[PDB]
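Given as structure tokens, the chain that follows is alone and in the form solved without the named molecule.
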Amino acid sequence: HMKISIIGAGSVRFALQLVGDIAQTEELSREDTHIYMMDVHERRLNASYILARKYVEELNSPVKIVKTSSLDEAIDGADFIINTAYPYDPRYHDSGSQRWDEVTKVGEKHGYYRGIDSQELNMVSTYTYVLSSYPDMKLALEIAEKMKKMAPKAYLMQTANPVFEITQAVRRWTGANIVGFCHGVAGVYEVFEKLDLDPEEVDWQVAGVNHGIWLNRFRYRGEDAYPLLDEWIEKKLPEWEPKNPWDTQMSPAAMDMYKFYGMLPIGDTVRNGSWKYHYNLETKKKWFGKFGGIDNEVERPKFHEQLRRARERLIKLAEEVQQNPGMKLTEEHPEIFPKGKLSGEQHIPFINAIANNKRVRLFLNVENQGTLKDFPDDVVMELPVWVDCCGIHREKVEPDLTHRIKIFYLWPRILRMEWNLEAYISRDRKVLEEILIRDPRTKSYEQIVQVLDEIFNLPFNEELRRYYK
């Protein structure tokens, strides 16, 4: 059979997306495809299981769906393990984002705007937790060790953040077959839209690290197409406005980074700039438009609440279907339960490529292996790759990333990953302190000790405190 396990299936909307794509994929929608939905939160998990079963039934897909609260059961003999879990202690929080929002508030209380987890080239909210991301790294490493014994052939498809740090740590310290997933590359198609270019006529490539990728190749009709971006910056940038807090691809911050680095940052990379664009909310609004981007004290909590409500709606909807077996989720809520339309995410296409030799081009976090020759072979990069029955095949990255991207962006970001990994494995608070000593917002050493003490002293950080004792 074929066993696909979603760890953290309590993440309802993502689980349903994964189930919808599987049921709408010919080579996978088979009675021999078993989808295990695993989580430690039964209310969330139950809702996801009920909605997934009904969704499949309305799609007339014969896939079998199994619910379990046992991590071992989900891993045992799995072919693909999708880690979308975001650990949180329910005694204190409703989601993982809620413990991040709390430590961040404590950071801001001590003078660290947007929390100590917001650093240069690393502003994406909820990416790291107290620098070392202890609970997320711990869970990923547990899964990696369990599957080396209970599922040696399985792919561990890491989606929970930090993808870069975690994929790197698992690869380096376990050798488990882990691949990091994030589709920040989807931003390029807007670039093409704004420049009036058929994306099918555009010869393009993107490369870098997770949330740190660059449009290294951008050609059209046999010539460099960046002069067309230059034209857009001059004529249409002054009139640019963000449609919502997430709209940053064509923002002044992206184009300023482009002017400096020589290539356009893509996707979340525009959020991960230097402190030039993020000193405060007013500065964010100059470089990102009226919302100030997403990673600020207004929009990040707002967005997290929108997720909380959206989650409860789905849970309530799961109670409704149990009461109204006749209602068709495909009809009542098409945007959540689409028919005949794939999500476009890479997770299920990846599985169909490995298991059914359906070759496809994807952007995945894997070891460099000389793809970017100026960087170590074992450093995990977000690279363009072709996946099929027999492995992941890296494309040649040409043109190479510019000299400035390497020395001012990729390398400082790679070192931060190494800092974070060292802080985890060493169990040494002094490494956490050294990271904050490189932090521009630090005014004194005593400040560093006190912000960490309060974070470590939060009631839901007992494990973290004992870990670093």
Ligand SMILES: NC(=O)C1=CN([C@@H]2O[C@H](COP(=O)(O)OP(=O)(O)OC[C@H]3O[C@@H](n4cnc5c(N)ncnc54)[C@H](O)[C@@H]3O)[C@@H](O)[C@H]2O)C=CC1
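Just count from 1 along the sequence shown to find any residue number. Here, rigid core means the biggest group of C-alpha atoms that superpose within 1.5 Å across both forms.
Q: Just give me the stretch that moves more in 6 other deposited structures of this protein: 83 to 91 or 190 to 198, judged by RMS C-alpha distance after a core fit.
A: It is 83 to 91 that deviates more in 6 other deposited structures of this protein.
Q | Greatest C-alpha divergence in 6 other deposited structures of this protein once each structure is fitted on the rigid core, 93 to 101 or 179 to 187 | A | Most displaced of the pair in 6 other deposited structures of this protein: 93 to 101.
Q | Higher-scoring stretch by recorded Cα B factor average, 86 to 94 or 137 to 145 | A | Of 137 to 145 and 86 to 94, the stretch with the higher C-alpha B-factor average is 86 to 94.
Q.
When the Cα temperature factors in the entry are averaged, is it 161 to 169 or 238 to 246 that ends up higher?
A. Comparing averages over the C-alpha atoms only gives 238 to 246.
Q. In this PDB entry, which of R300, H347, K284, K341 has the top CA B-factor?
A. Reading the PDB entry, the winner on C-alpha B-factor is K341.
Q) If you check the C-alpha B-factor for each of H278, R311, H211, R114 in the entry, which is highest? A) Top of the list by C-alpha B-factor: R311.
Q) Within this chain, which third does the Cα B-factor at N420 fall in: lowest, middle or highest? A) Lowest third - that is where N420 ends up once the chain's C-alpha B-factors are sorted.
Q: Please rank the C-alpha B-factors of the chain's modelled residues and tell me whether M37 sits in the lowest, middle or highest third.
A: Middle third.
**Q.** CA B-factor ranking of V397, expressed as a third of its chain
**A.** Lowest third.
Q: Tell me, lowest, middle or highest third: where does the Cα B factor of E108 rank within its chain?
A: CA B-factor rank for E108: middle third.
Q) What third of the chain, by the recorded C-alpha B-factor, contains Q119? A) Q119: CA B-factor falls in the lowest third of its chain.
One more form of this protein should be noted, the form deposited with the named molecule bound, which is absent from this view; the next part is about it.
Q. Thinking of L131, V209 and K406 as one candidate spot, does the named molecule come within 4.5 Å of a heavy atom in every one of them in the bound PDB entry?
A. Per the other structure, none of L131, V209 and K406 touch the named molecule.
Q.
Can you work out whether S95 and the named molecule are in contact in the bound PDB entry, taking contact to mean some heavy atom pair no more than 4.5 Å apart?
A. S95: contacts the named molecule in the bound PDB entry.
Q: Mark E345 yes when one of its heavy atoms lies within 4.5 Å of a heavy atom of the named molecule in the bound PDB entry, and no otherwise.
A: Answer yes; at least one heavy atom of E345 falls within 4.5 Å of the named molecule in the bound PDB entry.
Q: Although the named molecule is absent from this view, report whether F460 comes within 4.5 Å of it in the bound PDB entry, heavy atoms only.
A: Judged by the heavy-atom cut-off of 4.5 Å, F460 is well away from the named molecule in the bound PDB entry.
Q. Do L229 and the named molecule come within 4.5 Å of each other in the bound PDB entry, heavy atoms counted?
A. Answer no; every heavy atom of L229 is more than 4.5 Å from the named molecule in the bound PDB entry.
Q. Counting only non-hydrogen atoms, which stretch in 189 to 197, 367 to 375, 256 to 264, 95 to 103 is within 4.5 Å of the named molecule in the bound PDB entry?
A. That would be 95 to 103.
Q | the named molecule: the contacting residue among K67, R441, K64, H41 in the bound PDB entry [heavy atom, 4.5 Å] | A | It is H41 that has a heavy atom within 4.5 Å of the partner.
Q | Option touching the named molecule, based on a heavy atom within 4.5 Å in the bound PDB entry, out of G77, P245, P252, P87 | A | None of the others qualify; the residue that does is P87.
Q: Sequence order please: the residues of 138 to 161 with a heavy atom within 4.5 Å of the named molecule in the bound PDB entry.
A: The stretch 138 to 161, when checked against the named molecule in the bound PDB entry, contributes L139, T159, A160, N161 at the 4.5 Å heavy-atom cut-off.
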